[PDB]
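Colleague: Protein chains in written order, with the numbering used here: chain H, 1 to 29; chain E, 1 to 50; chain U, 1 to 57.
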Amino acid sequence: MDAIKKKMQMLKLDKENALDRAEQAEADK
Amino acid sequence: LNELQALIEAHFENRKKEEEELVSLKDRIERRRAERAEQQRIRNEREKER
Amino acid sequence: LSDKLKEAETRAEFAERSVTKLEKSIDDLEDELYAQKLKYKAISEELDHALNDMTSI
């Protein structure tokens, strides 16, 4: 299931980026 | 990732088609070989009857 | 020759029985290979078809 090892990484990046923003958005105050 | 799409379909389409065809193609070869087994049974019966 | 015949007949009968045992074992292998392929590629290849869907999303 390499198709999702790869989809996982894509979604992981999408959330990590959204999360980076969630954390920054809160961190920015 | 055009490759995930190429792979998701290549894995499925190339294999389901080639593989299921081998299943049924060989099933017929096997059935014919099973008929040979029946024909040997027939041959053995005929030799005994003669 | 009577003994050679009984022995050859034993061999012929042996071979008929051995062949019978192998007629059975060839059919068992013909059916086991069949069943294993029929269930194995049919299930695991199906599982790879399911991969096509399982790994979607």
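The C-beta atom is built at its ideal place from N, Cα and C for all residues, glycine as well.
So, does the stretch 29-42 of chain E touch the stretch 27-34 of chain U, judging by three or more C-beta pairs under 8 Å?
Modeller: Yes, since at least three Cβ pairs between the stretch 29-42 of chain E and the stretch 27-34 of chain U fall closer than 8 Å, the two stretches touch.
Colleague: Is residue 64 of chain U close to chain E? Criterion is C-beta to C-beta, closer than 7 Å.
Modeller: Chain U is shown only over 1 to 57; residue 64 of chain U falls outside these bounds and no answer can be derived.
Colleague: Would you report the Cα separation of residue 48 of chain E and residue 12 of chain E, rounded to the nearest angstrom?
Modeller: So the alpha carbons of these two residues sit roughly 53 Å apart.
Colleague: Taking buried to mean at least 16 other C-beta atoms within 10 Å of its own C-beta, is residue 20 of chain U buried or exposed?
Modeller: With fewer than 16 other Cβ atoms within 10 Å, it is exposed.
Colleague: Have a look at residue 8 of chain E and residue 10 of chain H and give me their C-alpha separation to the nearest angstrom.
Modeller: Between residue 8 of chain E and residue 10 of chain H, the C-alpha separation is close to 16 Å.
Colleague: Kindly indicate which three-state DSSP category residue 28 of chain H falls into: helix, strand or coil?
Modeller: Residue 28 of chain H: coil per DSSP, three-state reduction.
Colleague: Listed in chain order, which residues of the stretch 27-39 of chain E have Cβ atoms closer than 8 Å to some Cβ of chain U?
Modeller: Correct list: 27, 30, 33, 34, 37.
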